[PDB]
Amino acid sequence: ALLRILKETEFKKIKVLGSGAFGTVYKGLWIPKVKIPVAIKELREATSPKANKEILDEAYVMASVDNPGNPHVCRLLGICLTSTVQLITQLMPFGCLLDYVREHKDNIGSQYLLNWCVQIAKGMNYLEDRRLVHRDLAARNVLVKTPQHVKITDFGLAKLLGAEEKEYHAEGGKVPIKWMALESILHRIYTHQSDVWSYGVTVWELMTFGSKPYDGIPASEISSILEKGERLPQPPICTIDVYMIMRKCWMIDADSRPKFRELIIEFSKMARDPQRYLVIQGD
């Protein structure tokens, strides 16, 4: 578990990329013969000892899965010490996959979506082998390096399970409800199986080309809806077989939820025959 502390001076923080509640991400160049494009994250209220603890937590969680890694999981490049702690991570040039599936909504063939789902299961399965619960699997949180290369990011909420710990006990802060499993909302319990549901939802995000899930339903009513047994709809483009998968991720019995290993097998199987499973217009 190693951090690489990098010299504040070598970065020229070009512009911002997008600010959240949690923090603010900047693109910028890093020039230690070549120049390297990078992304830079620092949290809101970056002077506070709570907001310097959480960012170094993120850096830790991230660095103790760096080796050997996985081509579908962003690596830390290091951190910068200024007045605050900055997290450096190589710039994905095509941005998040949510943004993507919107802008390019009319030119994405089945072979891409179905490959992305395998790449993401691959990203997550490794993480699981590394005893890490991402806690925030979304489409906003999937960076595109190239159309055949997608990577997972944002370990703000990510946590590590102890040697014999099965689940994580969230001292509820601010969490993204419409991505969480039932048991994650009621009892604040997070599992690998809780990331499966998040995947399930993220899948739904992509298939719909970046629709907002449970649109215009207030956060509150969500758990209720789910307890009724209401799930997100079957997207227009998807057959039953693909939707049947999404619907397994969302089952109350977390241990009846499919595994990331099972998902790679399933989505590869489909990704080999992309048009048999997804009906895109003009595909």
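The numbering used is simple: start at 1 and walk along the sequence shown.
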{"item": "Unmodelled deposited residues flanked by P32 on one side and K33 on the other", "value": "1 to 3"}
{"item": "Residue stretch of maximal mean CA temperature factor, 195-203 vs 83-91", "value": "83-91"}
{"item": "Segment of higher mean CA temperature factor, 152-160 or 170-178", "value": "170-178"}
{"item": "Which of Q119, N141, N125, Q111 ranks first by CA B-factor in the deposited coordinates", "value": "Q111"}
{"item": "Where the record places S211 (Cα B-factor, split into thirds across the chain)", "value": "middle"}
{"item": "Ranked against its chain, the third holding the CA B-factor of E262", "value": "middle"}
{"item": "Assigned third (lowest, middle, highest) for the C-alpha B factor of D99", "value": "middle"}
{"item": "Relative C-alpha B-factor of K228, binned into the chain's lowest, middle or highest third", "value": "middle"}
{"item": "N70, C-alpha B-factor rank within chain (lowest, middle or highest third)", "value": "lowest"}
